[PDB]
file final38.pdb (PDB, N, CA and C atoms and all ligand atoms)
MODEL        1
ATOM      1  N   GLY P   1     162.586 -41.892  43.178
ATOM      2  CA  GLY P   1     162.336 -42.676  44.374
ATOM      3  C   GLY P   1     163.441 -42.533  45.402
ATOM      4  N   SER P   2     163.065 -42.540  46.677
ATOM      5  CA  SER P   2     164.033 -42.406  47.759
ATOM      6  C   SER P   2     163.362 -42.601  49.116
ATOM      7  N   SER P   3     164.159 -42.543  50.177
ATOM      8  CA  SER P   3     163.645 -42.719  51.530
ATOM      9  C   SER P   3     164.566 -42.058  52.551
ATOM     10  N   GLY P   4     164.102 -41.981  53.795
ATOM     11  CA  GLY P   4     164.895 -41.371  54.847
ATOM     12  C   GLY P   4     164.224 -41.459  56.203
ATOM     13  N   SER P   5     164.902 -40.954  57.230
ATOM     14  CA  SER P   5     164.367 -40.983  58.586
ATOM     15  C   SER P   5     164.657 -39.672  59.312
ATOM     16  N   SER P   6     164.137 -39.550  60.529
ATOM     17  CA  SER P   6     164.336 -38.345  61.327
ATOM     18  C   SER P   6     164.149 -38.641  62.812
ATOM     19  N   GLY P   7     164.414 -37.641  63.646
ATOM     20  CA  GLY P   7     164.272 -37.812  65.080
ATOM     21  C   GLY P   7     163.975 -36.509  65.794
ATOM     22  N   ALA P   8     163.962 -36.553  67.122
ATOM     23  CA  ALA P   8     163.690 -35.365  67.923
ATOM     24  C   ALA P   8     163.940 -35.633  69.403
ATOM     25  N   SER P   9     163.898 -34.573  70.206
ATOM     26  CA  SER P   9     164.124 -34.694  71.641
ATOM     27  C   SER P   9     162.856 -34.360  72.421
ATOM     28  N   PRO P  10     162.569 -35.164  73.456
ATOM     29  CA  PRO P  10     161.387 -34.975  74.302
ATOM     30  C   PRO P  10     161.493 -33.728  75.175
ATOM     31  N   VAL P  11     160.503 -33.532  76.040
ATOM     32  CA  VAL P  11     160.486 -32.379  76.933
ATOM     33  C   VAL P  11     159.311 -32.451  77.901
ATOM     34  N   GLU P  12     159.600 -32.286  79.188
ATOM     35  CA  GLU P  12     158.566 -32.333  80.214
ATOM     36  C   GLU P  12     158.503 -31.016  80.984
ATOM     37  N   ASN P  13     157.290 -30.508  81.177
ATOM     38  CA  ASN P  13     157.092 -29.254  81.897
ATOM     39  C   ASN P  13     155.621 -29.052  82.242
ATOM     40  N   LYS P  14     155.327 -28.971  83.534
ATOM     41  CA  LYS P  14     153.958 -28.776  83.998
ATOM     42  C   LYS P  14     153.926 -28.508  85.500
ATOM     43  N   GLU P  15     152.728 -28.286  86.031
ATOM     44  CA  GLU P  15     152.562 -28.018  87.454
ATOM     45  C   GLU P  15     153.577 -28.806  88.278
ATOM     46  N   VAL P  16     154.431 -28.086  88.998
ATOM     47  CA  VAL P  16     155.452 -28.715  89.828
ATOM     48  C   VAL P  16     155.385 -28.203  91.263
ATOM     49  N   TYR P  17     155.722 -29.070  92.212
ATOM     50  CA  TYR P  17     155.699 -28.706  93.622
ATOM     51  C   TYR P  17     157.078 -28.248  94.090
ATOM     52  N   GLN P  18     157.260 -26.934  94.175
ATOM     53  CA  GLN P  18     158.531 -26.365  94.608
ATOM     54  C   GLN P  18     158.522 -26.092  96.108
ATOM     55  N   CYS P  19     159.698 -26.160  96.724
ATOM     56  CA  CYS P  19     159.826 -25.922  98.156
ATOM     57  C   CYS P  19     159.791 -24.428  98.464
ATOM     58  N   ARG P  20     159.035 -24.058  99.493
ATOM     59  CA  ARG P  20     158.915 -22.661  99.891
ATOM     60  C   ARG P  20     160.090 -22.244 100.770
ATOM     61  N   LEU P  21     161.192 -22.978 100.665
ATOM     62  CA  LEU P  21     162.385 -22.684 101.451
ATOM     63  C   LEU P  21     163.603 -22.514 100.548
ATOM     64  N   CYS P  22     163.764 -23.432  99.600
ATOM     65  CA  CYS P  22     164.886 -23.385  98.671
ATOM     66  C   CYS P  22     164.394 -23.328  97.228
ATOM     67  N   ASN P  23     163.079 -23.411  97.052
ATOM     68  CA  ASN P  23     162.481 -23.370  95.723
ATOM     69  C   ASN P  23     162.993 -24.520  94.860
ATOM     70  N   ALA P  24     162.989 -25.723  95.424
ATOM     71  CA  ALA P  24     163.450 -26.905  94.707
ATOM     72  C   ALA P  24     162.276 -27.777  94.274
ATOM     73  N   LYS P  25     162.240 -28.119  92.992
ATOM     74  CA  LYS P  25     161.171 -28.952  92.450
ATOM     75  C   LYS P  25     161.158 -30.323  93.120
ATOM     76  N   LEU P  26     160.009 -30.693  93.675
ATOM     77  CA  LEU P  26     159.864 -31.981  94.344
ATOM     78  C   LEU P  26     159.469 -33.070  93.352
ATOM     79  N   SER P  27     159.277 -34.283  93.859
ATOM     80  CA  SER P  27     158.898 -35.412  93.016
ATOM     81  C   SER P  27     157.413 -35.727  93.168
ATOM     82  N   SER P  28     156.793 -35.152  94.194
ATOM     83  CA  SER P  28     155.376 -35.374  94.453
ATOM     84  C   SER P  28     154.892 -34.502  95.608
ATOM     85  N   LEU P  29     153.579 -34.477  95.812
ATOM     86  CA  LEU P  29     152.987 -33.684  96.883
ATOM     87  C   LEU P  29     153.493 -34.144  98.247
ATOM     88  N   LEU P  30     153.922 -35.400  98.319
ATOM     89  CA  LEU P  30     154.434 -35.963  99.563
ATOM     90  C   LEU P  30     155.850 -35.470  99.843
ATOM     91  N   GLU P  31     156.684 -35.462  98.807
ATOM     92  CA  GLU P  31     158.064 -35.013  98.942
ATOM     93  C   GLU P  31     158.120 -33.557  99.398
ATOM     94  N   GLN P  32     157.039 -32.824  99.151
ATOM     95  CA  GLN P  32     156.965 -31.420  99.534
ATOM     96  C   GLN P  32     156.725 -31.276 101.033
ATOM     97  N   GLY P  33     155.761 -32.033 101.548
ATOM     98  CA  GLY P  33     155.449 -31.975 102.965
ATOM     99  C   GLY P  33     156.582 -32.492 103.829
ATOM    100  N   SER P  34     157.324 -33.465 103.311
ATOM    101  CA  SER P  34     158.439 -34.050 104.046
ATOM    102  C   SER P  34     159.710 -33.229 103.850
ATOM    103  N   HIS P  35     160.006 -32.899 102.598
ATOM    104  CA  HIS P  35     161.194 -32.114 102.275
ATOM    105  C   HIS P  35     161.240 -30.832 103.101
ATOM    106  N   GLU P  36     160.086 -30.431 103.627
ATOM    107  CA  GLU P  36     159.996 -29.221 104.435
ATOM    108  C   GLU P  36     160.440 -29.492 105.870
ATOM    109  N   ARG P  37     160.324 -30.747 106.292
ATOM    110  CA  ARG P  37     160.711 -31.138 107.643
ATOM    111  C   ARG P  37     162.230 -31.144 107.793
ATOM    112  N   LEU P  38     162.916 -31.677 106.788
ATOM    113  CA  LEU P  38     164.374 -31.744 106.809
ATOM    114  C   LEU P  38     164.986 -30.430 106.335
ATOM    115  N   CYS P  39     164.303 -29.765 105.409
ATOM    116  CA  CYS P  39     164.778 -28.495 104.873
ATOM    117  C   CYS P  39     164.534 -27.361 105.864
ATOM    118  N   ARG P  40     164.088 -27.717 107.065
ATOM    119  CA  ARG P  40     163.814 -26.730 108.102
ATOM    120  C   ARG P  40     164.757 -26.913 109.288
ATOM    121  N   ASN P  41     165.226 -28.142 109.481
ATOM    122  CA  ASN P  41     166.132 -28.451 110.580
ATOM    123  C   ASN P  41     167.439 -29.040 110.058
ATOM    124  N   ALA P  42     167.650 -28.933 108.750
ATOM    125  CA  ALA P  42     168.860 -29.453 108.125
ATOM    126  C   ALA P  42     170.108 -28.865 108.775
ATOM    127  N   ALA P  43     170.171 -27.540 108.835
ATOM    128  CA  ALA P  43     171.310 -26.854 109.433
ATOM    129  C   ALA P  43     170.852 -25.748 110.377
ATOM    130  N   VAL P  44     171.006 -25.985 111.676
ATOM    131  CA  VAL P  44     170.608 -25.008 112.683
ATOM    132  C   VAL P  44     171.803 -24.560 113.517
ATOM    133  N   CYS P  45     172.206 -23.307 113.340
ATOM    134  CA  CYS P  45     173.336 -22.755 114.075
ATOM    135  C   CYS P  45     173.022 -22.661 115.565
ATOM    136  N   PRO P  46     173.808 -23.378 116.382
ATOM    137  CA  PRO P  46     173.635 -23.392 117.838
ATOM    138  C   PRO P  46     174.015 -22.063 118.480
ATOM    139  N   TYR P  47     174.308 -21.071 117.646
ATOM    140  CA  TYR P  47     174.690 -19.751 118.132
ATOM    141  C   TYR P  47     173.528 -18.768 118.011
ATOM    142  N   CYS P  48     173.086 -18.536 116.779
ATOM    143  CA  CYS P  48     171.982 -17.619 116.523
ATOM    144  C   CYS P  48     170.699 -18.386 116.212
ATOM    145  N   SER P  49     170.787 -19.711 116.242
ATOM    146  CA  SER P  49     169.635 -20.560 115.960
ATOM    147  C   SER P  49     169.081 -20.279 114.568
ATOM    148  N   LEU P  50     169.951 -20.348 113.566
ATOM    149  CA  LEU P  50     169.550 -20.100 112.186
ATOM    150  C   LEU P  50     168.969 -21.362 111.553
ATOM    151  N   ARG P  51     168.640 -21.274 110.268
ATOM    152  CA  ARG P  51     168.076 -22.408 109.546
ATOM    153  C   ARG P  51     168.422 -22.332 108.061
ATOM    154  N   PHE P  52     169.361 -23.169 107.633
ATOM    155  CA  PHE P  52     169.783 -23.196 106.238
ATOM    156  C   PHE P  52     169.230 -24.426 105.526
ATOM    157  N   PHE P  53     169.436 -24.486 104.215
ATOM    158  CA  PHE P  53     168.956 -25.608 103.416
ATOM    159  C   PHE P  53     169.875 -26.816 103.567
ATOM    160  N   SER P  54     171.180 -26.563 103.553
ATOM    161  CA  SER P  54     172.167 -27.630 103.685
ATOM    162  C   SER P  54     172.986 -27.459 104.960
ATOM    163  N   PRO P  55     173.581 -28.564 105.433
ATOM    164  CA  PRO P  55     174.403 -28.562 106.647
ATOM    165  C   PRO P  55     175.718 -27.817 106.456
ATOM    166  N   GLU P  56     176.204 -27.789 105.219
ATOM    167  CA  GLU P  56     177.455 -27.109 104.904
ATOM    168  C   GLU P  56     177.290 -25.595 105.001
ATOM    169  N   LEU P  57     176.192 -25.088 104.452
ATOM    170  CA  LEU P  57     175.914 -23.657 104.475
ATOM    171  C   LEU P  57     176.079 -23.093 105.883
ATOM    172  N   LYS P  58     175.602 -23.839 106.873
ATOM    173  CA  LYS P  58     175.698 -23.418 108.265
ATOM    174  C   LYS P  58     177.136 -23.518 108.766
ATOM    175  N   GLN P  59     177.784 -24.638 108.466
ATOM    176  CA  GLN P  59     179.164 -24.858 108.886
ATOM    177  C   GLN P  59     180.025 -23.636 108.581
ATOM    178  N   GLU P  60     179.840 -23.069 107.393
ATOM    179  CA  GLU P  60     180.603 -21.896 106.981
ATOM    180  C   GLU P  60     180.185 -20.666 107.781
ATOM    181  N   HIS P  61     178.877 -20.471 107.914
ATOM    182  CA  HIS P  61     178.345 -19.332 108.656
ATOM    183  C   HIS P  61     178.874 -19.321 110.086
ATOM    184  N   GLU P  62     178.774 -20.463 110.759
ATOM    185  CA  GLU P  62     179.241 -20.582 112.135
ATOM    186  C   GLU P  62     180.610 -19.929 112.303
ATOM    187  N   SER P  63     181.405 -19.952 111.238
ATOM    188  CA  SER P  63     182.740 -19.367 111.270
ATOM    189  C   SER P  63     182.665 -17.842 111.262
ATOM    190  N   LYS P  64     181.761 -17.305 110.450
ATOM    191  CA  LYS P  64     181.585 -15.861 110.349
ATOM    192  C   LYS P  64     180.401 -15.397 111.191
ATOM    193  N   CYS P  65     179.901 -16.287 112.041
ATOM    194  CA  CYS P  65     178.770 -15.968 112.904
ATOM    195  C   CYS P  65     179.172 -14.962 113.978
ATOM    196  N   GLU P  66     178.233 -14.100 114.355
ATOM    197  CA  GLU P  66     178.490 -13.087 115.372
ATOM    198  C   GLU P  66     178.085 -13.591 116.754
ATOM    199  N   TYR P  67     177.030 -14.396 116.799
ATOM    200  CA  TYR P  67     176.538 -14.943 118.057
ATOM    201  C   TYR P  67     177.553 -15.904 118.668
ATOM    202  N   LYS P  68     178.372 -16.510 117.813
ATOM    203  CA  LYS P  68     179.390 -17.451 118.265
ATOM    204  C   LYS P  68     180.160 -16.890 119.456
ATOM    205  N   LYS P  69     180.799 -15.742 119.254
ATOM    206  CA  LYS P  69     181.568 -15.097 120.311
ATOM    207  C   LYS P  69     180.726 -14.926 121.571
ATOM    208  N   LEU P  70     179.427 -14.721 121.385
ATOM    209  CA  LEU P  70     178.511 -14.543 122.506
ATOM    210  C   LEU P  70     177.943 -15.883 122.964
ATOM    211  N   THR P  71     178.703 -16.950 122.737
ATOM    212  CA  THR P  71     178.276 -18.288 123.127
ATOM    213  C   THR P  71     179.284 -18.933 124.072
ATOM    214  N   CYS P  72     178.902 -19.064 125.338
ATOM    215  CA  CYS P  72     179.772 -19.664 126.342
ATOM    216  C   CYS P  72     179.993 -21.146 126.054
ATOM    217  N   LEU P  73     180.938 -21.435 125.168
ATOM    218  CA  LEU P  73     181.249 -22.814 124.804
ATOM    219  C   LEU P  73     181.351 -23.696 126.044
ATOM    220  N   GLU P  74     181.986 -23.169 127.088
ATOM    221  CA  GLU P  74     182.148 -23.909 128.334
ATOM    222  C   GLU P  74     180.870 -24.665 128.689
ATOM    223  N   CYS P  75     179.781 -23.924 128.858
ATOM    224  CA  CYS P  75     178.495 -24.520 129.202
ATOM    225  C   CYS P  75     177.490 -24.337 128.068
ATOM    226  N   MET P  76     177.998 -24.238 126.844
ATOM    227  CA  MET P  76     177.145 -24.062 125.675
ATOM    228  C   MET P  76     175.933 -23.199 126.011
ATOM    229  N   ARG P  77     176.188 -22.025 126.581
ATOM    230  CA  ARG P  77     175.117 -21.109 126.953
ATOM    231  C   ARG P  77     175.284 -19.764 126.250
ATOM    232  N   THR P  78     174.399 -19.486 125.298
ATOM    233  CA  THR P  78     174.450 -18.236 124.549
ATOM    234  C   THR P  78     173.789 -17.104 125.326
ATOM    235  N   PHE P  79     174.156 -15.871 124.993
ATOM    236  CA  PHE P  79     173.599 -14.700 125.661
ATOM    237  C   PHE P  79     173.161 -13.651 124.642
ATOM    238  N   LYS P  80     172.728 -12.498 125.140
ATOM    239  CA  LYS P  80     172.280 -11.411 124.277
ATOM    240  C   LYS P  80     173.454 -10.536 123.851
ATOM    241  N   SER P  81     174.336 -10.234 124.798
ATOM    242  CA  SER P  81     175.502  -9.403 124.521
ATOM    243  C   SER P  81     176.766 -10.028 125.105
ATOM    244  N   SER P  82     177.884  -9.324 124.968
ATOM    245  CA  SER P  82     179.161  -9.809 125.478
ATOM    246  C   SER P  82     179.340  -9.430 126.945
ATOM    247  N   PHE P  83     178.969  -8.198 127.281
ATOM    248  CA  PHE P  83     179.089  -7.710 128.650
ATOM    249  C   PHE P  83     178.278  -8.577 129.609
ATOM    250  N   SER P  84     177.087  -8.976 129.174
ATOM    251  CA  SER P  84     176.212  -9.805 129.996
ATOM    252  C   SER P  84     176.854 -11.160 130.276
ATOM    253  N   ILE P  85     177.228 -11.862 129.212
ATOM    254  CA  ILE P  85     177.854 -13.173 129.343
ATOM    255  C   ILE P  85     179.169 -13.078 130.110
ATOM    256  N   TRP P  86     179.966 -12.067 129.785
ATOM    257  CA  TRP P  86     181.250 -11.864 130.445
ATOM    258  C   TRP P  86     181.129 -12.072 131.950
ATOM    259  N   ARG P  87     180.091 -11.489 132.541
ATOM    260  CA  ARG P  87     179.862 -11.610 133.976
ATOM    261  C   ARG P  87     179.583 -13.060 134.362
ATOM    262  N   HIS P  88     178.918 -13.787 133.470
ATOM    263  CA  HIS P  88     178.588 -15.186 133.716
ATOM    264  C   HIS P  88     179.831 -16.064 133.609
ATOM    265  N   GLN P  89     180.796 -15.619 132.812
ATOM    266  CA  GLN P  89     182.035 -16.366 132.622
ATOM    267  C   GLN P  89     183.126 -15.856 133.556
ATOM    268  N   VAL P  90     182.909 -14.673 134.122
ATOM    269  CA  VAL P  90     183.874 -14.075 135.036
ATOM    270  C   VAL P  90     183.486 -14.328 136.489
ATOM    271  N   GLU P  91     182.184 -14.399 136.743
ATOM    272  CA  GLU P  91     181.682 -14.637 138.092
ATOM    273  C   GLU P  91     181.589 -16.132 138.382
ATOM    274  N   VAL P  92     181.277 -16.910 137.351
ATOM    275  CA  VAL P  92     181.156 -18.356 137.493
ATOM    276  C   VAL P  92     182.431 -19.062 137.042
ATOM    277  N   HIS P  93     182.714 -18.989 135.746
ATOM    278  CA  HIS P  93     183.905 -19.620 135.187
ATOM    279  C   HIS P  93     185.159 -18.831 135.551
ATOM    280  N   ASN P  94     184.984 -17.541 135.819
ATOM    281  CA  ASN P  94     186.102 -16.677 136.180
ATOM    282  C   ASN P  94     187.213 -16.761 135.137
ATOM    283  N   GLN P  95     186.854 -16.530 133.878
ATOM    284  CA  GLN P  95     187.821 -16.579 132.788
ATOM    285  C   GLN P  95     188.459 -15.212 132.564
ATOM    286  N   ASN P  96     187.650 -14.163 132.662
ATOM    287  CA  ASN P  96     188.135 -12.802 132.469
ATOM    288  C   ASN P  96     188.836 -12.660 131.120
ATOM    289  N   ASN P  97     188.282 -13.308 130.100
ATOM    290  CA  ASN P  97     188.853 -13.255 128.760
ATOM    291  C   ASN P  97     189.128 -11.812 128.342
ATOM    292  N   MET P  98     189.629 -11.641 127.123
ATOM    293  CA  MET P  98     189.933 -10.313 126.604
ATOM    294  C   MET P  98     188.656  -9.565 126.240
ATOM    295  N   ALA P  99     188.235  -8.659 127.117
ATOM    296  CA  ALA P  99     187.027  -7.876 126.886
ATOM    297  C   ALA P  99     187.218  -6.902 125.728
ATOM    298  N   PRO P 100     186.125  -6.626 125.001
ATOM    299  CA  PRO P 100     186.147  -5.711 123.857
ATOM    300  C   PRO P 100     186.353  -4.259 124.278
ATOM    301  N   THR P 101     186.435  -3.368 123.294
ATOM    302  CA  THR P 101     186.631  -1.950 123.564
ATOM    303  C   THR P 101     185.388  -1.332 124.192
ATOM    304  N   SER P 102     185.563  -0.718 125.359
ATOM    305  CA  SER P 102     184.453  -0.089 126.065
ATOM    306  C   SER P 102     183.955   1.139 125.308
ATOM    307  N   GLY P 103     182.665   1.432 125.452
ATOM    308  CA  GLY P 103     182.086   2.579 124.778
ATOM    309  C   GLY P 103     180.867   3.120 125.499
ATOM    310  N   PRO P 104     180.516   4.382 125.211
ATOM    311  CA  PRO P 104     179.362   5.044 125.827
ATOM    312  C   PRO P 104     178.037   4.463 125.347
ATOM    313  N   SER P 105     178.112   3.524 124.410
ATOM    314  CA  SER P 105     176.918   2.891 123.864
ATOM    315  C   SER P 105     175.894   2.622 124.963
ATOM    316  N   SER P 106     174.624   2.555 124.578
ATOM    317  CA  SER P 106     173.547   2.309 125.530
ATOM    318  C   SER P 106     173.520   0.842 125.951
ATOM    319  N   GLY P 107     173.114   0.598 127.194
ATOM    320  CA  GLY P 107     173.050  -0.761 127.698
ATOM    321  C   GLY P 107     171.660  -1.139 128.172
TER     322      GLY P 107
HETATM  323 ZN    ZN B 201     163.712 -26.833 100.616
HETATM  324 ZN    ZN B 202     174.985 -18.402 113.874
HETATM  325 ZN    ZN B 203     179.235 -20.686 131.024
ENDMDL
END
call {"tool": "encode", "arguments": {"input": "final38.pdb", "output": "structure tokens", "more": "lines below"}}
Ligand SMILES: [Zn+2]
Ligand SMILES: [Zn+2]
Ligand SMILES: [Zn+2]
result
Amino acid sequence: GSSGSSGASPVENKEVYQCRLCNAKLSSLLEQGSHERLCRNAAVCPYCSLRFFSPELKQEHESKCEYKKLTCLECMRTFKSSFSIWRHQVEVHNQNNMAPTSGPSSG
């Protein structure tokens, strides 16, 4: 004669609503439609107009961003190239900042 006991661990896994932006499992069909609203405008670089999942991800990018330099902080006005904006900052703001190396490149 004798006796004893035992145990075990649960587990959940089934149809889940993941985000088509960061692939994050939601809590419901509603969290998906909404999570997409914030996960779309969470982090938008005012330079290249990007869209990240978190606000930090952008903060870092802005530092290594290329459009940044092409962004007239003065009047927060971005441009297509440096030569183009330069004229806007040299003719209007008249800054005449340090222009880049000239080249035969196409314009
Ligand atoms: Zn997302
Ligand atoms: Zn950017
Ligand atoms: Zn300007």
call {"tool": "residues_near_ligand", "arguments": {"input": "final38.pdb", "ligand": "ligand ZN 202 (chain B)", "cutoff": "7 Å", "atoms": "all atoms listed in the file", "output": "count of residues only"}}
result
14
call {"tool": "residues_near_ligand", "arguments": {"input": "final38.pdb", "ligand": "ligand ZN 203 (chain B)", "cutoff": "5 Å", "atoms": "all atoms listed in the file", "output": "ChimeraX atom specification"}}
result
/P:72,74-75
call {"tool": "write_last_selection", "arguments": {"input": "final38.pdb", "atoms": "N, CA and C atoms", "output": "PDB file, keeping the file's coordinate frame"}}
result
ATOM      1  N   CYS P  72     178.902 -19.064 125.338  1.00  0.00           N
ATOM      2  CA  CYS P  72     179.772 -19.664 126.342  1.00  0.00           C
ATOM      3  C   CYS P  72     179.993 -21.146 126.054  1.00  0.00           C
ATOM      4  N   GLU P  74     181.986 -23.169 127.088  1.00  0.00           N
ATOM      5  CA  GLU P  74     182.148 -23.909 128.334  1.00  0.00           C
ATOM      6  C   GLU P  74     180.870 -24.665 128.689  1.00  0.00           C
ATOM      7  N   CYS P  75     179.781 -23.924 128.858  1.00  0.00           N
ATOM      8  CA  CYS P  75     178.495 -24.520 129.202  1.00  0.00           C
ATOM      9  C   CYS P  75     177.490 -24.337 128.068  1.00  0.00           C
TER      10      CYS P  75
END
call {"tool": "residues_near_ligand", "arguments": {"input": "final38.pdb", "ligand": "ligand ZN 201 (chain B)", "cutoff": "6 Å", "atoms": "all atoms listed in the file", "output": "PyMOL selection string"}}
result
chain P and resi 19-24+35-36+39
call {"tool": "write_last_selection", "arguments": {"input": "final38.pdb", "atoms": "N, CA and C atoms", "output": "PDB file, in the frame of the given file"}}
result
ATOM      1  N   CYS P  19     159.698 -26.160  96.724  1.00  0.00           N
ATOM      2  CA  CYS P  19     159.826 -25.922  98.156  1.00  0.00           C
ATOM      3  C   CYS P  19     159.791 -24.428  98.464  1.00  0.00           C
ATOM      4  N   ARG P  20     159.035 -24.058  99.493  1.00  0.00           N
ATOM      5  CA  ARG P  20     158.915 -22.661  99.891  1.00  0.00           C
ATOM      6  C   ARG P  20     160.090 -22.244 100.770  1.00  0.00           C
ATOM      7  N   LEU P  21     161.192 -22.978 100.665  1.00  0.00           N
ATOM      8  CA  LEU P  21     162.385 -22.684 101.451  1.00  0.00           C
ATOM      9  C   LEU P  21     163.603 -22.514 100.548  1.00  0.00           C
ATOM     10  N   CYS P  22     163.764 -23.432  99.600  1.00  0.00           N
ATOM     11  CA  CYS P  22     164.886 -23.385  98.671  1.00  0.00           C
ATOM     12  C   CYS P  22     164.394 -23.328  97.228  1.00  0.00           C
ATOM     13  N   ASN P  23     163.079 -23.411  97.052  1.00  0.00           N
ATOM     14  CA  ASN P  23     162.481 -23.370  95.723  1.00  0.00           C
ATOM     15  C   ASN P  23     162.993 -24.520  94.860  1.00  0.00           C
ATOM     16  N   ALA P  24     162.989 -25.723  95.424  1.00  0.00           N
ATOM     17  CA  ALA P  24     163.450 -26.905  94.707  1.00  0.00           C
ATOM     18  C   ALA P  24     162.276 -27.777  94.274  1.00  0.00           C
ATOM     19  N   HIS P  35     160.006 -32.899 102.598  1.00  0.00           N
ATOM     20  CA  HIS P  35     161.194 -32.114 102.275  1.00  0.00           C
ATOM     21  C   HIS P  35     161.240 -30.832 103.101  1.00  0.00           C
ATOM     22  N   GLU P  36     160.086 -30.431 103.627  1.00  0.00           N
ATOM     23  CA  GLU P  36     159.996 -29.221 104.435  1.00  0.00           C
ATOM     24  C   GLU P  36     160.440 -29.492 105.870  1.00  0.00           C
ATOM     25  N   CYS P  39     164.303 -29.765 105.409  1.00  0.00           N
ATOM     26  CA  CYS P  39     164.778 -28.495 104.873  1.00  0.00           C
ATOM     27  C   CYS P  39     164.534 -27.361 105.864  1.00  0.00           C
TER      28      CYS P  39
END
call {"tool": "residues_around", "arguments": {"input": "final38.pdb", "residues": "region 83-87 of chain P", "least_positions_apart": "3", "cutoff": "8 Å", "atoms": "all atoms listed in the file", "output": "MDAnalysis selection string"}}
result
chainID P and resid 70:72 77:80 90:97 99:100
call {"tool": "resolve_selection", "arguments": {"input": "final38.pdb", "expression": "the PyMOL selection byres (((chain P and resi 42) around 6) and not hetatm)", "output": "list in words"}}
result
residues 37, 38, 39, 40, 41, 43, 44, 52, 53, 54 and 55 of chain P
call {"tool": "decode", "arguments": {"input": "final38.pdb", "residues": "region 25-78 of chain P", "atoms": "C-alpha atoms", "output": "short mmCIF file (atom, residue, chain, number, x, y, z; two decimals), in the first residue's frame"}}
result
data_model
loop_
_atom_site.label_atom_id
_atom_site.label_comp_id
_atom_site.auth_asym_id
_atom_site.auth_seq_id
_atom_site.Cartn_x
_atom_site.Cartn_y
_atom_site.Cartn_z
CA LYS P 25 0.59 39.36 -30.85
CA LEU P 26 -2.45 41.44 -29.90
CA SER P 27 -5.01 40.84 -27.16
CA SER P 28 -8.04 40.95 -29.47
CA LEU P 29 -9.33 41.89 -32.92
CA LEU P 30 -9.81 45.41 -31.55
CA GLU P 31 -6.24 45.81 -30.29
CA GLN P 32 -5.16 45.01 -33.85
CA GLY P 33 -7.15 47.75 -35.55
CA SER P 34 -6.05 50.28 -32.94
CA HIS P 35 -2.48 49.09 -32.40
CA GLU P 36 -2.09 49.86 -36.10
CA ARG P 37 -3.02 53.51 -35.58
CA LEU P 38 -0.29 54.15 -33.01
CA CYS P 39 2.15 51.67 -34.54
CA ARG P 40 1.95 53.79 -37.70
CA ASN P 41 2.52 57.26 -36.26
CA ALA P 42 4.48 56.23 -33.17
CA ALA P 43 7.78 57.53 -34.54
CA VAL P 44 7.84 59.74 -37.64
CA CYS P 45 11.15 61.31 -38.64
CA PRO P 46 10.54 64.98 -39.54
CA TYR P 47 13.43 64.62 -41.98
CA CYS P 48 12.67 61.69 -44.28
CA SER P 49 9.16 61.18 -42.90
CA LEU P 50 9.85 57.62 -41.75
CA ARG P 51 7.68 55.36 -39.59
CA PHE P 52 9.05 53.15 -36.81
CA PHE P 53 7.37 50.97 -34.18
CA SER P 54 8.78 52.84 -31.18
CA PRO P 55 9.68 56.51 -30.59
CA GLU P 56 13.21 55.57 -29.54
CA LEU P 57 13.99 53.74 -32.78
CA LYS P 58 13.45 57.03 -34.62
CA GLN P 59 15.36 59.13 -32.09
CA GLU P 60 18.46 57.10 -32.92
CA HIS P 61 17.88 57.17 -36.68
CA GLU P 62 17.43 60.95 -36.70
CA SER P 63 21.08 61.01 -35.61
CA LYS P 64 22.26 58.85 -38.51
CA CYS P 65 19.59 60.25 -40.82
CA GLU P 66 20.68 61.61 -44.20
CA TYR P 67 17.69 63.88 -44.79
CA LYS P 68 18.54 65.70 -41.56
CA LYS P 69 21.38 67.64 -43.18
CA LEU P 70 18.93 68.45 -45.97
CA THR P 71 16.52 69.94 -43.43
CA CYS P 72 16.53 73.71 -42.96
CA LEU P 73 16.13 73.66 -39.18
CA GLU P 74 15.77 77.45 -39.34
CA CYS P 75 12.34 77.17 -40.97
CA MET P 76 11.97 73.41 -40.54
CA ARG P 77 11.85 73.09 -44.33
CA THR P 78 13.26 69.93 -45.89
#
